[PDB]
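Here is the structure we will look at, set down as structure tokens.
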Amino acid sequence: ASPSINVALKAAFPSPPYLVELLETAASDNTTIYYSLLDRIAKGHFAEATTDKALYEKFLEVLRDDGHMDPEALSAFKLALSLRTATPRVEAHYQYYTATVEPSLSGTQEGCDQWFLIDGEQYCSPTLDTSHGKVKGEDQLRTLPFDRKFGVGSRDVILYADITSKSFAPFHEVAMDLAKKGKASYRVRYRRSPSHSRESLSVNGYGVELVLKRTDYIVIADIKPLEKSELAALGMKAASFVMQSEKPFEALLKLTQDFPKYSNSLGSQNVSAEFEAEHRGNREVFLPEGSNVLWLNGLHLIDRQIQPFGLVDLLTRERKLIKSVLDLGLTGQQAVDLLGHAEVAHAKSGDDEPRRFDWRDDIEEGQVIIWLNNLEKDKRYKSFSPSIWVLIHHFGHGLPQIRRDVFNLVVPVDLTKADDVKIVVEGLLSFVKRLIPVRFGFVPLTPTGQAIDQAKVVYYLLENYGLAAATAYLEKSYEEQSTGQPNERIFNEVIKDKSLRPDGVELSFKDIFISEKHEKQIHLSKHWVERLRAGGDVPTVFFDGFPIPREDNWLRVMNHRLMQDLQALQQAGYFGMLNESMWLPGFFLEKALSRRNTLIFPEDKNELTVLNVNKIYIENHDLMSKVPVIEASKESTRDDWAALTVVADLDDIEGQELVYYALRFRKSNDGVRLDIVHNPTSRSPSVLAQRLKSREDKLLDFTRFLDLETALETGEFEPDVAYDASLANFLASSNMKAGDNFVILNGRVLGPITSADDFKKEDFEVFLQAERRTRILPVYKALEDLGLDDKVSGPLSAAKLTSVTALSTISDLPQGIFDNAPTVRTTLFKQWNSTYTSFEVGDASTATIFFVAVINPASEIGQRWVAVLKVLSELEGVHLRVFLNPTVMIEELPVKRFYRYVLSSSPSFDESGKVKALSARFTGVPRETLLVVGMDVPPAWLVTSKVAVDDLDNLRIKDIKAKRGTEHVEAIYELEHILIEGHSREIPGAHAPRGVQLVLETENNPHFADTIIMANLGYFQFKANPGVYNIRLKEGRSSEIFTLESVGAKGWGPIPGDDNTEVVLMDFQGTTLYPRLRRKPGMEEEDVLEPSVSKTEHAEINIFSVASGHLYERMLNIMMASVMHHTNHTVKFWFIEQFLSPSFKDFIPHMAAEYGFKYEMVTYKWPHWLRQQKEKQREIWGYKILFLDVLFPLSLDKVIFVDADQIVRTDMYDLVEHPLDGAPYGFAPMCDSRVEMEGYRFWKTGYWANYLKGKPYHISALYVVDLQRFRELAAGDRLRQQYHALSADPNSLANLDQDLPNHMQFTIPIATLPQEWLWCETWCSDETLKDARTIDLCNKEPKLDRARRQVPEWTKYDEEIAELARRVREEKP
Ligand SMILES: *[C@@H]1O[C@H](CO)[C@@H](O[C@@H]2O[C@H](CO)[C@@H](O[C@@H]3O[C@H](CO)[C@@H](O)[C@H](O[C@H]4O[C@H](CO[C@H]5O[C@H](CO)[C@@H](O)[C@H](O)[C@@H]5O)[C@@H](O)[C@H](O)[C@@H]4O)[C@@H]3O)[C@H](O)[C@H]2NC(C)=O)[C@H](O)[C@H]1NC(C)=O
Ligand SMILES: *[C@@H]1O[C@H](CO)[C@@H](O[C@@H]2O[C@H](CO)[C@@H](O)[C@H](O)[C@H]2NC(C)=O)[C@H](O)[C@H]1NC(C)=O
Ligand SMILES: *[C@@H]1O[C@H](CO)[C@@H](O[C@@H]2O[C@H](CO)[C@@H](O)[C@H](O)[C@H]2NC(C)=O)[C@H](O)[C@H]1NC(C)=O
Ligand SMILES: *[C@@H]1O[C@H](CO)[C@@H](O[C@@H]2O[C@H](CO)[C@@H](O)[C@H](O)[C@H]2NC(C)=O)[C@H](O)[C@H]1NC(C)=O
Ligand SMILES: *[C@@H]1O[C@H](CO)[C@@H](O)[C@H](O)[C@H]1NC(C)=O
Ligand SMILES: [Ca+2]
């Protein structure tokens, strides 16, 4: 009965048959479920179900009966089935089939409804008698994302089937059995079924908004009553309403959906019921008022992840993780509590911190570093204060003088090499003389004979005679002899004078081979260099335990850290952490490691691989119950416990050397539990494994290495070929090759080990020390704090937990892209009092999923959150807890829209049994309020209106009732495109390649789409639908400079096996890519700078525009016509697709036939990083200026913008031919001609006249863009980053479209146009219009009035459109 508004969304592809959709949804990624169901339907089991409901009903019984799903999984199936998540996955098959299969399958197809493809041969019969062809085109045997494989087989078989018919069943069975035998491996691909109709797909999982477009007024329903002017209490009173209701869940939804309507209905409470001013004790501790925050098992989610699709994928990943944990007897509640524990999160923060290594002599008994300083005892610094407050009371870029030990620099130097020696002599000494507060040390490098001797020489000379004498030899040697061989002619001269009083123990003189001096000193030195990997082709310098390789300007790097370390000391001083009796260098050495291994501590910080340990001992039980195992000792403690597994090639020296070290390490550490895996031209071998398991008891009784070597040779054994099988499966699961050495401690993998000298006994010790710290100790404390320490029964038992919690903290989203914040699971909201602001839904005891929502009722973002969370709360095995936190800071109206979310937790069915389409229905809509319809769609989606007879930008029920006779409005949108978006990087010095051009292709067409790489995050996007695509760099400069190794389809990575350029989209989340591009031979080149096409493709003239109303669209029709009458040339029109009405959209082919022009619809989705516009008018303006380079195809040389309200009397070519004098775009200035208008000319004021020193204030109603130059100058990137930067201030750009080119005319040239090109009554005189080319209707007479009065021929154009519209309406086929 009530006046209603109904909005529905339909996809750009027809609805796949329901049967196939249920198969796909049902078997998400478990193949066994897939084929086990494929058998069931090939029985003809699902033939007796006539309707979608019946068919859906049948699947529930089947899944439950065959043990496939439990309550939790069944419930998750229903929601995912509602969402229609599997439909794009099925359409991927069809697009692939339509575009690559059909054109590469030459012949005459008759009876070939289904057909196997074997060895590029097609067989239309199960009997497999004859082959129709050698299939043309690329190999189809490529295993791609939507594939499934059944069985292992030398031969590869593919069946393209239309499952719907009965014709399928015999073909399936032919290859199912063939796979069961082992002849070949089976996989199914789809064929668009002609039994089904070409009806479009109805989607859900989006939101609709009804935005009030007049917000200015404030001091069933008619209009919202505006209330004076105590906004401040809205959130607070709104929060109470709910609490009071007692069915609170439903209240919030009912209140939050129609919130603008209930504003004046909240002025009454009656007295606020503010018991909950109590819970700002909650605010005082953790979150600021009016902030929306969601947590999923501790995981802090960003806004983009809060949609139905984003949330379904998170549960799927999360349950897999938790189920892994609860096989150890932990409740979902206990499991989550452990994952988000304080001690756990602390560890992640701890090793987010930068790492230092212990540069000290202490291990080498103070006989390796030869310091040129001592700041506490040098009698140079004697003058200076040895006070801490000297450090703390410092400001500037200068170095504070002090007599204290605080900064150290150790540089390893080769005394054979002149360049190396020069560093010490010139570099190091100046610094000493200069009284710098840094201690300078250096350790010689010993790689050759001469080097060994010269270390001895210098070391000796220091020991007896002193630093000055040693320095003296070095100085003299460098200038005098200029070589790294010891020179006595030079050496003896030094002793002659410098041999005065050599103190301490006396000099022995020449020659040197001291049993102690040569042995201990040189070998101790070698032990220092080896320990910190401070040698080789490129040596490593250590400043405050921070490695800086000896390259480029390392001192510049050192100085940067020197200041950064000083500021680190000062802040500890202001908090009073520091005290007078302290060794200051040890502030840095607190967390420093003794040994530096590039495997444990890779320079790529991200490089980390962890495996699920439980999985390893579950999948390969056959293998791991027969490997030589050294159990960790009977009498050792939980803290000592750790599990190690060594994978090595025992047929190689490196492989068996590595194991000896692991065995040695085990003798020392009684807590470790060791496993040995033989990997293996010999195949397998179970023999070598059997040789060791016999010696298992006697393991680590190997006094010498040959005892291990000999044990491998002796004994006669019978190969356990069952062992061999599980062995090769393990490596395949763990993604590791044959003859490769690896080390696994508590799930963490290091390798491949090329040389066993890289991983020694000392390396295992630090590996355990570091790993222990981070992963094991935080798990142990946390675990015990909860009292779950009963569940740990040994080293292997413990590894399952530690390995799982390490996998929990690895992000889905790379840090720095969507949010800078790390993957830290907080438990910090557990402190909060809950009685009067919280309510829970779902069983906490059973729940695997725990949601914590902190929603502000006054927020528009809250409207969406509530709606989505209610549907996810309906799922079994999910728990939700809600916190309401309003703000007292309300300067403007809080919620200015009505909201509806289209989503169901389980599918709905027709009276006919068909699946119910889901719609957003607003009932009891105010009759007098002007409303705007908006779509709040998931990030990967591109949406436009398809069916509507109303103005969605200007909705009023009273007008529709008075014009149409109906109080009911119905509109349909189309999900036209789904995004392929990615973040590029250059290799190896990873930077965003800007100006790079890309081409998206398909086998049908080699030019689907094209875009250019942006500066910010190497961002790019493509508009596509489900299917198989490829990304080729655009032929030209781009392919000349670069080669793209990969499209990052597997993740940020590189994940092995991703050296691919193929993209496929089979999800409603689109495709997220992280491509990599490496520069071709010796290039520092740039695309942007040099070393009739567009006309032919498009038109002589290319004009683009935008309109946001029926009036503005009516005026746009006139604009196009005026051009046409005024030019005997070819014109193409370009439009911003999503701002136009379907009435306009359905009309243009008719305008195109009449006026003889071509048209193309264009759009681009506003990037996630780029700053949004809440106000639609502002969005529109942004579209005209921010995306000029990326909105139009590369093939377009140039474009012209003409405003909707405009009219043109000129042949528009002239604007093309207008010389731009190397400028990217051309504009027309503001009229000075009107005499008395001055007052309102704001661009002659302080701000605009100071800024525009001499430059004009231009008009955005008309302009030329020399697109080739625009992109070449990379103007867009600059516009975008200046806009983003300026936009932080809300009052920054009054009219951005005009203001951005004007603000950028210093930076980006603007060609100025003759003013013959623009006329506006408001600012130009009437005398001017005789020579006027075009007219804008700039802004109290209305726009319709100005047109008729200002231009006499406006009516002539309007009549032409009017009769044609009627001619079309009266044209019925
Ligand atoms: C893809 O999905 C399918 C379907 O959910 C998963 O495949 C199922 O895997 C089961 C084993 O993991 C298998 O059941 C086995 O049946 C034999 C014969 O009775 C048992 O010897 C096995 O024992 C192992 O698993 C049990 C599990 O507890 C069960 O105990 C009794 C057994 O009678 C059941 O009544 C009870 O409900 C429990 O489920 C352990 O207790 C044992 O120690 C032992 O390790 C298995 O029970 C299923 O037949 C198999 N297929 C189907 C259709 O269910 C598959 O794992 C999954 N794949 C992935 C990648 O997730
Ligand atoms: C809120 O509600 C009503 C106002 O609507 C208050 O009650 C009124 O009390 C006066 C006497 O002080 C009576 O003359 C009115 O007739 C009452 N109104 C009604 C509708 O009964 C009430 O005191 C307010 N505050 C609280 C705590 O409820
Ligand atoms: C949660 O609420 C309790 C009250 O139920 C708070 O307890 C207070 O504790 C202090 C001592 O630490 C007492 O002197 C107060 O009287 C208590 N408050 C009340 C209202 O009685 C507790 O501090 C609150 N915690 C948080 C995090 O808000
Ligand atoms: C555009 O259209 C036509 C050419 O097809 C030109 O029209 C002719 O103009 C002369 C002089 O004004 C008339 O006497 C003829 O009768 C016209 N012929 C036709 C077929 O229209 C017109 O001048 C051209 N204008 C421009 C600007 O190119
Ligand atoms: C204070 O000085 C002592 C030595 O006297 C030192 O061990 C301690 O670490 C210093 N205090 C702090 C808080 O670090
Ligand atoms: Ca205008």
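Scheme for the structure tokens: letters A, B, ... for chains in order shown; per-chain residue numbers from 1; ligand numbers from 1 in order shown.
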DSSP on the backbone, strand (DSSP E or B) only: what residues of region 917-1079 of chain A does that give? Format it as a PyMOL selection string.
chain A and resi 920-923+931-936+941-947+955+969-983+985-987+997-1001+1009-1012+1019-1024+1027-1033+1042-1046+1062-1065+1071-1073+1076-1079
If you count only C-alpha atoms and all ligand atoms, which residues end up within 6 Å of ligand 5, as a ChimeraX atom specification?
/A:577-579,581-582
For CA of residue 10 (chain A) and CA of residue 201 (chain A), quote the distance in Å rounded to one decimal.
5.4 Å
Given 8 Å and only C-alpha atoms and all ligand atoms, residues near ligand 3 as a count of residues only
10
Proximity check region 198-261 of chain A to region 968-983 of chain A, 12 Å, nearest pairs one decimal Å, only C-alpha atoms, as CSV:
```
residue,atom,partner,partner_atom,distance
A:200,CA,A:974,CA,9.7
A:201,CA,A:974,CA,9.7
A:202,CA,A:974,CA,9.3
A:203,CA,A:975,CA,8.5
A:204,CA,A:975,CA,10.6
A:205,CA,A:975,CA,11.8
A:206,CA,A:975,CA,10.6
A:207,CA,A:973,CA,11.9
A:208,CA,A:973,CA,10.8
```
Using only C-alpha atoms and all ligand atoms, find each protein or nucleic acid residue lying at most 8 Å from ligand 4; present the set as an NGL selection string.
:A and (1126-1129 or 1211)
Since we have the selection now, will you write its residues out, keeping N, CA and C atoms, as a short mmCIF file (atom, residue, chain, number, x, y, z; two decimals), in the first residue's frame?
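Output below, filename out-v2.cif:
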```
data_model
loop_
_atom_site.label_atom_id
_atom_site.label_comp_id
_atom_site.auth_asym_id
_atom_site.auth_seq_id
_atom_site.Cartn_x
_atom_site.Cartn_y
_atom_site.Cartn_z
N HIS A 1126 26.89 22.37 -37.73
CA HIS A 1126 27.97 23.33 -37.90
C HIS A 1126 29.28 22.73 -38.42
N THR A 1127 29.31 21.43 -38.80
CA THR A 1127 30.50 20.82 -39.41
C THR A 1127 30.19 19.76 -40.45
N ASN A 1128 30.85 19.85 -41.61
CA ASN A 1128 30.73 18.81 -42.63
C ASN A 1128 32.00 17.95 -42.47
N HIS A 1129 32.15 17.37 -41.26
CA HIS A 1129 33.30 16.54 -40.89
C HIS A 1129 32.89 15.33 -40.07
N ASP A 1211 32.59 25.13 -36.66
CA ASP A 1211 33.02 23.83 -37.18
C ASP A 1211 34.14 23.52 -36.19
#
```
What does the distance from CA of residue 151 (chain A) to CA of residue 35 (chain A) come to in Å, to one decimal?
10.9 Å
How would you report the residues lying within 9 Å of ligand 2, as a PyMOL selection string, if you count only C-alpha atoms and all ligand atoms?
chain A and resi 268-271+273
Saved selection, atoms kept: N, CA, C and O atoms, as a JSON list (two decimals), in the first residue's frame:
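Result file is selection03.json:
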```
[["chain", "number", "residue", "atom", "x", "y", "z"],
["A", 268, "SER", "N", 13.50, 12.79, 22.15],
["A", 268, "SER", "CA", 12.86, 12.12, 23.28],
["A", 268, "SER", "C", 13.60, 10.80, 23.57],
["A", 268, "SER", "O", 13.95, 10.07, 22.65],
["A", 269, "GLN", "N", 13.85, 10.51, 24.86],
["A", 269, "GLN", "CA", 14.51, 9.28, 25.26],
["A", 269, "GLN", "C", 13.99, 8.67, 26.60],
["A", 269, "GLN", "O", 14.16, 7.46, 26.77],
["A", 270, "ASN", "N", 13.29, 9.42, 27.52],
["A", 270, "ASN", "CA", 12.99, 10.86, 27.56],
["A", 270, "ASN", "C", 14.22, 11.56, 28.13],
["A", 270, "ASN", "O", 14.61, 12.62, 27.64],
["A", 271, "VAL", "N", 14.86, 10.90, 29.13],
["A", 271, "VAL", "CA", 16.03, 11.37, 29.86],
["A", 271, "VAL", "C", 17.39, 10.70, 29.47],
["A", 271, "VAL", "O", 18.25, 10.60, 30.35],
["A", 273, "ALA", "N", 18.76, 7.92, 29.44],
["A", 273, "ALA", "CA", 19.01, 6.66, 30.17],
["A", 273, "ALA", "C", 20.51, 6.38, 30.26],
["A", 273, "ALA", "O", 20.98, 5.25, 30.15]]
```
Residues of chain A that have any atom at most 8 Å from an atom of ligand 1: could you tabulate them with the shortest-distance atom pair and the distance in Å to one decimal, using only C-alpha atoms and all ligand atoms, ordered by chain and increasing number, as CSV?
```
residue,atom,partner,partner_atom_place_in_ligand_line,distance
A:29,CA,ligand 1,60 (C),7.8
A:30,CA,ligand 1,1 (C),5.0
A:31,CA,ligand 1,1 (C),6.9
A:32,CA,ligand 1,1 (C),5.4
A:33,CA,ligand 1,2 (O),5.6
A:36,CA,ligand 1,53 (C),7.4
A:66,CA,ligand 1,53 (C),5.4
A:67,CA,ligand 1,54 (O),4.6
A:68,CA,ligand 1,5 (O),3.9
A:69,CA,ligand 1,5 (O),6.2
```
Write a file of the selected residues as a JSON list (two decimals), in the first residue's frame, keeping N, CA and C atoms.
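Saved the output as again39.json:
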```
[["chain", "number", "residue", "atom", "x", "y", "z"],
["A", 29, "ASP", "N", 37.09, -26.21, -3.04],
["A", 29, "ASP", "CA", 38.46, -26.47, -3.46],
["A", 29, "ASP", "C", 38.88, -27.88, -3.13],
["A", 30, "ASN", "N", 37.94, -28.67, -2.59],
["A", 30, "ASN", "CA", 38.21, -30.06, -2.34],
["A", 30, "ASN", "C", 37.74, -30.73, -3.62],
["A", 31, "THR", "N", 38.65, -31.43, -4.30],
["A", 31, "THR", "CA", 38.35, -32.12, -5.55],
["A", 31, "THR", "C", 37.56, -33.38, -5.29],
["A", 32, "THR", "N", 37.88, -34.08, -4.20],
["A", 32, "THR", "CA", 37.19, -35.33, -3.90],
["A", 32, "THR", "C", 35.70, -35.08, -3.86],
["A", 33, "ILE", "N", 35.24, -33.99, -3.19],
["A", 33, "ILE", "CA", 33.82, -33.59, -3.14],
["A", 33, "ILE", "C", 33.27, -33.35, -4.54],
["A", 36, "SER", "N", 33.13, -36.83, -6.50],
["A", 36, "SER", "CA", 32.20, -37.68, -5.74],
["A", 36, "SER", "C", 30.77, -37.25, -6.01],
["A", 66, "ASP", "N", 26.78, -38.25, 2.87],
["A", 66, "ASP", "CA", 28.07, -38.76, 2.43],
["A", 66, "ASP", "C", 29.26, -38.29, 3.30],
["A", 67, "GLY", "N", 28.96, -37.52, 4.35],
["A", 67, "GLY", "CA", 29.94, -37.01, 5.31],
["A", 67, "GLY", "C", 30.80, -35.85, 4.84],
["A", 68, "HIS", "N", 30.41, -35.23, 3.71],
["A", 68, "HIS", "CA", 31.12, -34.10, 3.08],
["A", 68, "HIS", "C", 31.11, -32.83, 3.93],
["A", 69, "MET", "N", 29.95, -32.50, 4.53],
["A", 69, "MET", "CA", 29.81, -31.29, 5.34],
["A", 69, "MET", "C", 29.17, -31.58, 6.67]]
```
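For ligand 6, the set of protein, DNA and RNA residues within 6 Å, based on only C-alpha atoms and all ligand atoms, reads residues 1203, 1205, 1261, 1336, 1337 and 1338 of chain A.
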Could you find all residues in region 405-587 of chain A that DSSP calls helix (DSSP H, G or I) from the backbone, and write them as a count of residues only?
97
Write out as a PyMOL selection string the residues lying within 6 Å of residue 673 (chain A), counting only C-alpha atoms and excluding same-chain residues fewer than 6 positions away.
chain A and resi 630-632+643-644
